[PDB]
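Below, in structure tokens: the form deposited in one PDB entry, a single chain.
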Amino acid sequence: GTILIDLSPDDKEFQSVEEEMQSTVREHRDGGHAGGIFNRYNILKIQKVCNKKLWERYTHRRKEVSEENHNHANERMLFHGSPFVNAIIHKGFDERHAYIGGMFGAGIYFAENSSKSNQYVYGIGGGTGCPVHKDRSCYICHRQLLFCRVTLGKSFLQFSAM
């Protein structure tokens, strides 16, 4: 049921998402080991994900959560990086997309830093890198990330030591 619609680099919607990617790059404590050494991305394509059934599943849960939180969904736009990006756009998120050993428990993780999500694109800790060169810092191979609509509702605030 999923179709992908390309956005034009001349479209404001494209420029906004690119701006969100580029401005949320930061330095990482690992000096680039997991995600590579870069300050900016070369954006190759941005696509809208349209899927009626996945959308309705999302908005139905949003409504429950919103009502449980006194008419406040607490909805955000956040990055997600994963080796399973292709399965996610066709099937949606589920428990096999969870990070079992994550610091805040076993759930689906999302980031405000685009470069945080970039660290997971080839796997935990960047796996073994791009499939072709086995290079976590590959400047050649194409990477993919999602920018996702996320309902937080009543979010439990946990400070980390990072």
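Whichever C-alpha set is largest while still superposing within 1.5 Å between the two forms counts as the rigid core. Heads up: residue numbers just count along the shown sequence, starting at 1.
The deposited model assigns a higher average Cα B-factor to 127-135 than to the other stretch when 127-135 and 107-115 are compared.
If you average the C-alpha B-factors over 27-35 and over 97-105, the higher value belongs to 97-105.
Looking at the C-alpha B-factors along this chain, the one for residue 78 belongs to the lowest third. Sort the modelled residues of the chain by CA B factor and residue 12 lands in the highest third. For residue 44, the recorded CA B-factor ranks within the middle third of the chain. Only modelled residues enter the ranking.
When the modelled residues of the chain are ordered by C-alpha B-factor, residue 162 sits in the highest third.
From this point on, the text means the form deposited in another entry, which you will not see here.
Large C-alpha shift between this form and the one not shown, rigid core held fixed: of 98, 43, 54, 49, this applies to 98 alone, with a displacement of 2 Å or more.
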